[PDB]
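Geometric and topological summary
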Amino acid sequence: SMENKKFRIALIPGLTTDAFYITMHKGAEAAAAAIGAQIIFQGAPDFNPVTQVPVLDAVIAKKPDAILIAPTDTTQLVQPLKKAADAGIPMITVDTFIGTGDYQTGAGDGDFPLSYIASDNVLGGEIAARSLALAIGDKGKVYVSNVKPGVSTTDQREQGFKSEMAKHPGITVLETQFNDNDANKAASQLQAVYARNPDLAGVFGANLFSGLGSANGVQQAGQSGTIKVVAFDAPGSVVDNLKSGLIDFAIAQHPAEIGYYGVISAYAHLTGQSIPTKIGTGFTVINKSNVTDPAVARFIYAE
Ligand SMILES: OC[C@]1(O)OC[C@@H](O)[C@H](O)[C@@H]1O
């Protein structure tokens, strides 16, 4: 910044048009300004390793000093990132991981990133389950609206949700509906589940798009406030949807925190400081009442 070496740190999101990654980027720019770095930001328009890897390659060719990336596949991003590693480029994964997400252990094929910075996503799921159980009075039929098997974060949220719900004997967990990150698909799946199950009590959307689509489906079905919704992430729409009763809880991650600590950790590494192999960022649970608490509303995602 002042006497600091000025670095070029790349940030590759999972998806460009996603308020989570947009807000992560905001946090990253704030940290970059603080320690004198420039962010090289580039992403694909879908959460998809086929389109993310060419972006990663374009970024590698810009010879950044470090790479922050949210890999869109735990296995298919390993060898492409390994190329960056072998070219001397240090990296951190944000939000999602490659391998197991256990890094610098000295073994395994996806061991070379320096750190994994993300929410505690299993906990996120357990929190969503407890919130939904509260909303439905601890009985009735529910299901998880999710993206696609194999996405590390949403896999963990579904596991945490199901393990928590197993402790609630009056609750029935119906089959997970996978929407491939498409809110309109999630809405149509809500409609199908509700048509087969007029007694459906609630739904947990395990990421932004799943929650938005599921909520939109409930509204279109005429069941706002009757079918309870717990939505992961906190796009701007949660203000109106909490107010109207369409969703009961939004589980906000802290993407700016993820971005911020990603850039600072890269800077620390580049100046010879050891960094943690894991940093876990928290949640803010937003409801109808506290969404106007200032300390809370500031966690609603940008854009
Ligand atoms: O906002 C949606 C989102 O980006 O979907 C993928 C997840 O890995 C992110 O944590 C976030 O839920």
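The PDB entry annotates the protein as ABC transporter substrate binding protein (Ribose) originating from Agrobacterium vitis. For this entry, the PDB record gives the title as "Crystal Structure of an ABC transporter Solute Binding Protein from Agrobacterium vitis(Avis_5339, TARGET EFI-511225) bound with alpha-D-Tagatopyranose". Reading the Sequence similarities (unreviewed entry) entry of the UniProt record for the protein gives the comment "Belongs to the bacterial solute-binding protein 2 family." The Subcellular location (unreviewed entry) field of the UniProt record for the protein holds the comment "Cell envelope".

Across its full length, the protein holds ten helices and 13 strands. In terms of overall size, the protein behaves like a compact globule, its C-alpha atoms giving a radius of gyration of 20 Å where 303 residues would be expected to give roughly 19 Å. Taken along its principal axes, the extent of the C-alpha atoms in the protein is 60 × 40 × 30 Å. Within the protein, buried positions represent 55% of all 303 residues. Within the protein, counting contacts between residues at least 6 apart in sequence, those at least 24 apart form 73% of the total. Measuring between centres, the 22 positive side-chain charges of the protein sit 2 Å from its 28 negative side-chain charges.

As a further point, take the sheet that holds strand β3 (residues 66-69). Within the open sheet, the six strands sit side by side as β2-β1-β3-β4-β5-β12. Their pairing is parallel. Each edge of the open sheet carries a strand with a single partner, namely β2 (38-41) and β12 (278-281). Strand after strand, the sheet turns through a mean of 20° between neighbouring axes, direction not considered. The pairing of strand β1 (residues 8-12) with β2 spans four bridges and is parallel. Looking at β2, one finds that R8 is bridged to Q38. Sitting on the sheet, helix α1 (residues 19-35) touches β1, β2 and β4 (91-94), and the angle it makes with β2 is about 155°.

With that settled, the discussion passes to the packing of helix α4 (residues 121-135) against helix α5 (residues 152-165). Orientation of α4 relative to α5, taken along the N-to-C sense of each, is 45°, at an axis distance of 6 Å. Compared by their axis directions, α4 and α5 come out oblique. Where α4 crosses over α5, the handedness of that crossing is right-handed. Facing α4, whose interface residues are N121, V122, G125, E126, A128, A129, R130, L132 and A133, α5 presents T153, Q156, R157, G160, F161, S163, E164 and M165.

Our next topic: the packing of aromatic side chains. All chains considered together, the criterion is met by eight aromatic pairs. On the numbers, 5.0 Å between centres and 80° between planes, the contact of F20 with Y21 is edge-to-face. Here the aromatic residues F161, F204, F232 and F283 are joined through ring pairs into a cluster of three or more.

The next subject is the site of the ligand. All residues in the neighbourhood of the ligand are listed as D18, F20, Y21, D95, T96, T153, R157, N207, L208, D233 and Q253. Contacts to the ligand include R157, whose side-chain N or O atom sits 2.8 Å from an oxygen atom. Within the contact set of the ligand, an oxygen atom lies 3.1 Å away from a side-chain nitrogen or oxygen of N207. Notes on the ligand: free accessible area 300 Å², of which the protein chains cover 98%. Elements supplying a minimum of two residues to the shell around the ligand: α1 and α5. Each residue belonging to the shell around the ligand can be placed in one class, and the counts come to three nonpolar, four polar and four charged. Counting residues domain by domain, the shell around the ligand receives three or more from each of domain 1 (8-114 + 254-281) and domain 2 (121-253).

Parameters at a glance
Residues numbered from 1 in each chain as written, not as in the entry; some residues may be left out. Heavy atoms only, no water. UniProt positions renumbered as here; feature names shortened; annotations may be inferred. Helix = DSSP H or I, 4+ residues; strand = E, 2+ residues; numbered from the N terminus. Rg over C-alpha atoms; globule rule 2.2 N^0.38 Å. Buried < 20%, exposed > 50% of the residue type's maximum accessible area, 1.4 Å probe, protein only. Contact = heavy atoms within 4.5 Å. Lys, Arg positive; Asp, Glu negative; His and termini not counted. Charge placed at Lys NZ, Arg CZ, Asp CG, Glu CD. Pairing = 2+ DSSP bridges. Axes fitted to C-alpha atoms, helices over the stretch in contact; angles between N-to-C directions. Parallel < 35°, antiparallel > 145°, perpendicular 65-115°, else oblique. Left-handed = near helix turned anticlockwise from the far one by under 90°. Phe/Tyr/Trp six-rings, centres within 6.5 Å; stacked < 30°, edge-to-face > 60°. Near = heavy atom within 4 Å. Polar contact = N/O pair within 3.5 Å; in protein donor to acceptor, adjacent residues only side chain to side chain. Areas by Shrake-Rupley, 256 points an atom, 1.4 Å probe, with all protein chains shown as cover. Nonpolar A, V, L, I, M, F, W, Y, C, P; charged D, E, K, R; others polar. Domains from an automatic or database assignment.

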